[PDB]
């Protein structure tokens with residue numbers, strides 16, 4: 001894939017917005033790029049609620065290594081579009097802009113697709129309650145004196 | 001088919017959008033082509049959720065291949081229209097345009113037709129529960145002591 | 378705990394079973410205590426064929 | 005000629021001829037005396 005860095009995600013979001021790309025004659029400032037990278041990190045940390053939110057494989061940069069841009073985001077190939085569409089939607093107000101309907105719809109679709117697999121994995125049924133008998137059809141459990149389910 | 005590469009798909013999308021076509025008097029812009037190819041790659045990756053999404057036959061380019069454009073997309077003849085219509089809809093906001101109603105409707109129809117066969121294939125019935133008897137009618141199983149379905 | 382006799386050999390050991398906490402599982406031990414002694418080492422012997430060179 | 009062979013041949017003939025009824029009767033005894041969940045060939049998780 002050609003989007004391998006947080007700055008690459010920011011550049012893709014700006015290109016989608018129409019503010020800056022590889023074909024424009026006027027480019028945004030490195031300070032603006034750094035602000036967009038800060039937004040991306042903040043939004044990703046808000047999503048990944050300390051491991052109990054939208055799991056995406058995104059890697060959070062550390063302050064020891066100076067530049068956040070230049071780090072691999074670590075997202076899978078199917079998360080990049082959702083990530084940068086949501087990022088464009090979030091950073092649109094920076095430039096007195098408003099993300100278009102297609103961008104908004106694609107951001108919603110991408111976020112839903114991102115959480116789909118985690119939701120399928122998390123749809124787990126709780127064990128039997130501690131007061132349910134194991135039934136006499138469970139011959140070994142009945143013989144070995146496990147007459148009730150443990151629970152928890 | 002005469003649409004055999006990602007470049008042909010991108011050219012068809014741009015022609016549908018009116019950005020660059022022989023119907024107008026504009027040629028396809030080299031810098032726009034690369035961004036459109038990146039968007040197409042991202043959209044295929046987002047659709048095909050690593051095998052659990054929409055199966056199309058699209059072949060994903062690697063880092064070793066120098067030009068992303070020029071590779072055969074590998075799509076079957078029945079997915080080209082959907083792919084390039086969705087591509088046009090997605091890359092329209094780059095040029096601060098909006099895809100027309102016919103293009104959007106064709107994209108929806110194409111995506112539905114793309115997933116029709118996979119939905120039919122996945123419409124599979126779960127096996128019998130392991131707590132169901134086979135019934136005394138199943139003489140072979142009952143003689144062979146298969147008094148219950150295997151399940152799982 | 379239960380008595381548990383080994384066949385062939387004339388020995389009897391213990392067979393103990395305990396259950397784990399908050400789960401349908403347990404531990405089982407088949408223990409048995411013995412010590413082999415040679416009271417008359419001069420009465421035992423060994424046969425070693427082919428002890429040449 | 006062999007007494008063992010003749011006896012075993014007769015026993016094998018009867019045992020194989022009277023198998024299905026014997027298996028059904030054994031299943032009836034098990035169902036009526038041990039447990040109605042004669043479920044041992046189905047491998048649940």
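Protein chains in written order, with PDB author numbering: chain x, 1 to 152; chain r, 1 to 152; chain H, 378 to 430; chain i, 5 to 49.
Idealized CB from N, CA, C, for every residue including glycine.
_I want to know whether the stretch 74 to 83 of chain x touches the stretch 48 to 57 of chain x - three or more CB-CB distances under 8 Å._
yes
*Would DSSP call residue 388 (chain H) helix, strand or coil?*
As a working note, residue 388 (chain H) is residue 11 in the third chain. Three-state DSSP puts residue 388 (chain H) in a strand.
*Give a yes or no on whether the C-beta atoms belonging to residue 28 (chain x) and residue 37 (chain x) are separated by under 8 Å.*
Numbered from 1 along the first chain, position 28 holds the residue referred to as residue 28 (chain x). Numbered from 1 along the first chain, position 37 holds the residue referred to as residue 37 (chain x). In this structure, residue 37 (chain x) does not lie closer than 8 Å to residue 28 (chain x) by Cβ.
*Hey, how far is the Cα of residue 40 (chain i) from the Cα of residue 409 (chain H)?*
Residue mapping note: residue 40 (chain i) aligns to position 36 of the fourth chain, counting from 1. Residue mapping note: residue 409 (chain H) aligns to position 32 of the third chain, counting from 1. Looking at the two C-alpha atoms, the distance is approximately 39 Å.
_Pairs of beta-carbons, one from the stretch 92 to 101 of chain x and one from the stretch 122 to 142 of chain x, closer than 8 Å: are there three or more?_
no
*asked:* I'd like to know whether the C-beta atoms of residue 134 (chain r) and residue 115 (chain r) end up nearer to each other than 8 Å.
replied: Residue 134 (chain r) sits at position 134 when you count from the first residue of the second chain. Residue 115 (chain r) sits at position 115 when you count from the first residue of the second chain. Cβ atoms of residue 134 (chain r) and residue 115 (chain r): not closer than 8 Å.
*Mind checking the stretch 31 to 42 of chain i against chain x and listing, in chain order, the residues whose C-beta falls within less than 7 Å of any C-beta there?*
39, 41
*So, is residue 16 (chain r) buried or exposed, given that buried needs 16 or more other C-beta atoms within 10 angstroms?*
By 1-based counting over the second chain, the position of residue 16 (chain r) is 16. That one is buried.
*Exposure of residue 121 (chain x), with buried meaning 16 or more beta-carbon neighbours within 10 Å*: Position 121 of the first chain, counted from the first residue, corresponds to residue 121 (chain x). Residue 121 (chain x) comes out exposed.
*List the residues that DSSP assigns as beta-bridge partners of residue 381 (chain H).*
Taking the third chain and counting its residues from 1, one reaches residue 381 (chain H) at position 4. Residue 381 (chain H) is bridged to H:390.
*How would you list, in chain order, the residues of chain r whose beta-carbon sits under 8 Å from the beta-carbon of residue 22 (chain i)?*
In the fourth chain, the residue the question calls residue 22 (chain i) occupies position 18. Here the premise fails: no neighbours, minimum Cβ distance about 13 Å.
*Name the residue from r:93, r:33, r:140 whose alpha carbon lies nearest to the alpha carbon of residue 70 (chain r).*
Numbered from its first residue, the second chain carries residue 70 (chain r) at position 70. Taking only the C-alpha atoms, the option nearest residue 70 (chain r) is r:33.
*asked:* Threshold first: 4 residues or longer. Then list the alpha helix (DSSP H) segments lying entirely within the stretch 102 to 135 of chain r, N to C.
replied: none
_Since residue 79 (chain r) and residue 77 (chain x) should fall inside the 8 Å C-beta cutoff, what is the C-beta to C-beta distance between them, to a whole number of angstroms?_
Taking the first residue of the second chain as position 1, residue 79 (chain r) is located at position 79. Taking the first residue of the first chain as position 1, residue 77 (chain x) is located at position 77. Wrong, their Cβ atoms sit about 19 Å apart, outside the cutoff.
*chain x partners of residue 401 (chain H), CB-CB under 7 Å?*
On the third chain, position 24 is the one that residue 401 (chain H) refers to. Within 7 Å Cβ-Cβ: 141, 146, 150.
_Just verifying my parser: in three-state terms, what is the DSSP assignment at residue 76 (chain x)?_
For the purposes of this step, residue 76 (chain x) is identified with residue 76 of the first chain, where counting begins at 1. If DSSP states are grouped into helix, strand and coil, residue 76 (chain x) belongs with coil.
*Indicate whether at least one CB of chain x lies closer than 8 Å to the CB of residue 121 (chain r).*
The residue labelled residue 121 (chain r) in the question sits at position 121 within the second chain. Chain x, which has no Cβ nearer than 8 Å to the Cβ of residue 121 (chain r), makes this no.
*Quick one: give me the first and last residue of the alpha helix (DSSP H) that residue 408 (chain H) is part of.*
For the purposes of this step, residue 408 (chain H) is taken as residue 31 along the third chain, with counting starting at 1. Residue 408 (chain H) -> not in any alpha helix (DSSP H); beta strand (DSSP E) instead, spanning 403 to 408.
*Do you know offhand how far residue 10 (chain x)'s Cα is from residue 131 (chain r)'s?*
Along the first chain, read from residue 1 onward, the residue named residue 10 (chain x) stands at position 10. Along the second chain, read from residue 1 onward, the residue named residue 131 (chain r) stands at position 131. Between residue 10 (chain x) and residue 131 (chain r), the C-alpha separation is close to 55 Å.
*Around the C-beta of residue 64 (chain x), are 16 or more other C-beta atoms found within 10 angstroms, so that it is buried, or is it exposed?*
The residue you call residue 64 (chain x) lines up with position 64 of the first chain. With fewer than 16 Cβ atoms within 10 Å of its Cβ, residue 64 (chain x) is classed as exposed.
*Using DSSP with H/G/I as helix, E/B as strand and the rest coil, what is residue 153 (chain r)?*
Residue 153 (chain r) is absent from the structure shown; chain r starts at 1 and stops at 152.
*Exposure label - residue 32 (chain i); buried when at least 16 CB within 10 Å*: Start at 1 with the first residue of the fourth chain, and residue 32 (chain i) comes out as number 28. Residue 32 (chain i) is exposed by the Cβ-count criterion.
*Comparing the C-beta of residue 77 (chain r) with each C-beta of chain i, is any distance below 8 Å?*
Reading the second chain from its first residue, position 77 is the one you call residue 77 (chain r). Cβ-Cβ to chain i under 8 Å: no for residue 77 (chain r).
*Residues of chain x with a CB under 7 Å from the CB of residue 43 (chain r): which are they?*
Your numbering for residue 43 (chain r) matches position 43 in the second chain. Those are 81, listed as they occur along chain x.
*Are any of the Cβ atoms in chain r nearer than 8 Å to that of residue 23 (chain x)?*
Here residue 23 (chain x) refers to the residue found at position 23 of the first chain. Answer yes: the Cβ-Cβ gap between residue 23 (chain x) and chain r drops below 8 Å somewhere.
*Note down the Cα distance separating residue 395 (chain H) from residue 44 (chain i), rounded to an integer number of angstroms.*
Along the third chain, one-based indexing puts residue 395 (chain H) at 18. Along the fourth chain, one-based indexing puts residue 44 (chain i) at 40. Between residue 395 (chain H) and residue 44 (chain i), the C-alpha separation is close to 26 Å.
*Can you give the beta carbon distance from residue 401 (chain H) to residue 141 (chain x), rounded, assuming they're within the 8 Å contact cut?*
By one-based count along the third chain, residue 401 (chain H) stands at place 24. By one-based count along the first chain, residue 141 (chain x) stands at place 141. Confirmed, Cβ separation roughly 6 Å.
*Given a cut-off of 8 Å, decide if residue 73 (chain x) and residue 5 (chain x) are closer than it, judged by their beta-carbon atoms.*
On the first chain, position 5 is the one that residue 5 (chain x) refers to. On the first chain, position 73 is the one that residue 73 (chain x) refers to. The answer is yes: Cβ separation under 8 Å.
*Around the Cβ of residue 110 (chain x), are there at least 16 other Cβ atoms within 10 angstroms (buried) or fewer (exposed)?*
Stepping through the first chain from its first residue, residue 110 (chain x) is reached at position 110. So residue 110 (chain x) ends up on the buried side.
*Using a Cβ cut-off of 8 Å (strictly closer), state whether residue 103 (chain x) contacts chain r.*
Residue numbering aside, residue 103 (chain x) sits at position 103 when the first chain is read from its first letter. Closer than 8 Å to some Cβ of chain r, the Cβ of residue 103 (chain x) qualifies, so yes.
*Note down, in chain order, each residue of its chain lying with its Cβ closer than 7 Å to the Cβ of residue 7 (chain x), except the 5 sequence neighbours on either side.*
Residue mapping note: residue 7 (chain x) aligns to position 7 of the first chain, counting from 1. The answer, listed in chain order, is 33, 37, 69, 70.
*Quick one: Cα of residue 413 (chain H) to Cα of residue 391 (chain H), how far?*
One-based indexing of the third chain puts residue 413 (chain H) at position 36. One-based indexing of the third chain puts residue 391 (chain H) at position 14. Cα to Cα, the separation comes out at about 19 Å.
*At a Cβ threshold of 8 Å, is residue 53 (chain x) touching chain i?*
Counted from its first residue, the first chain places residue 53 (chain x) at position 53. No, residue 53 (chain x) does not count as interfacial toward chain i.
*Name the chain x residues whose beta carbon is nearer than 8 Å to that of residue 11 (chain r)?*
Along the second chain, read from residue 1 onward, the residue named residue 11 (chain r) stands at position 11. In chain order: nothing, as chain x lies at least about 17 Å away.
_Cα-Cα separation between residue 428 (chain H) and residue 420 (chain H), rounded to whole angstroms_ = On the third chain, position 51 is the one that residue 428 (chain H) refers to. On the third chain, position 43 is the one that residue 420 (chain H) refers to. Each residue's alpha carbon lies about 22 Å from the other.
*asked:* Suppose the cutoff is 6 Å on Cβ atoms and the five residues either side in sequence are ignored; what does the same chain contact list for residue 66 (chain x) look like?
replied: For the purposes of this step, residue 66 (chain x) is taken as the residue at position 66 of the first chain. Contacts found: none.
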